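# Survey of secondary and tertiary structure
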Amino acid sequence: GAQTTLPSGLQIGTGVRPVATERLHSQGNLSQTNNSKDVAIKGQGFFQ
Amino acid sequence: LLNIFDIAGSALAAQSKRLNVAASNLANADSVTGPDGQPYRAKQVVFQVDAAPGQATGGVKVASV
């Protein structure tokens, strides 16, 4: 209403929904496997 | 026995008023404010004898809240 007192007014919510789950693109650690076929990436890049 | 009808009707009105006061109080157990911003102060009815022309015995009237 038009305004001491407390601002009257019933405002009711609905709930909670999940919008989107995001992945954290942070550089992981490197482990040593002597296999020469394995390579690790230092930076933001993806093999196609 | 029509005075008995007056007595019973007045007493029914008084007890209904007390019940309404009690219900309003129970509704407002947790109320924090009113329209003006003052706290809700609990109400109590006052019973008084309605024997104005009937000596010391008569119905019950609610004097005030």
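Residues numbered from 1 in each chain as written, not as in the entry; some residues may be left out. Chains lettered and ligands numbered in written order. Part of a larger assembly, values for the part shown. Heavy atoms only, no water.

For this entry, the PDB record names cryo-EM as the structure determination method and reports a resolution of 3.3 Å.

### Description of the overall build of chain A
Along chain A, the regular secondary structure elements total zero helices and zero strands. Across its three principal axes, chain A shows a C-alpha extent of roughly 75 × 25 × 20 Å. With 48 residues in all, chain A has 0% of them scored as buried. (Helix = DSSP H or I, 4+ residues; strand = E, 2+ residues; numbered from the N terminus. Buried < 20%, exposed > 50% of the residue type's maximum accessible area, 1.4 Å probe, protein only.)

### Re the overall build of chain B
From N to C terminus, chain B includes one helix and two strands. Taken from the N to the C terminus, the helices and strands of chain B come in the order α-β-β. Relative to the globule expectation of 11 Å for 65 residues, the C-alpha radius of gyration of chain B, 16 Å, shows a markedly less compact shape. With the principal axes as the frame, chain B shows a C-alpha extent of 50 × 15 × 15 Å. Counting over 65 residues, chain B shows a buried share of 9%. A separation of at least 24 residues holds for 29% of the contacts in chain B among residues at least 6 apart in sequence. Carbon and sulfur atoms provide 58% of the accessible area of chain B, an area that totals close to 5,200 Å². (Rg over C-alpha atoms; globule rule 2.2 N^0.38 Å. Contact = heavy atoms within 4.5 Å. Areas by Shrake-Rupley, 256 points an atom, 1.4 Å probe, with all protein chains shown as cover.)

### Some details on unusual backbone geometry
Residue and element names in this part refer to chain B. Of note, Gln55 is a non-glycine position whose phi angle comes to about 60°, a positive value. Its place among the elements puts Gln55 in the loop between β1 (46-49) and β2 (60-64). What makes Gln55 exposed here is its relative accessible area of 74%.

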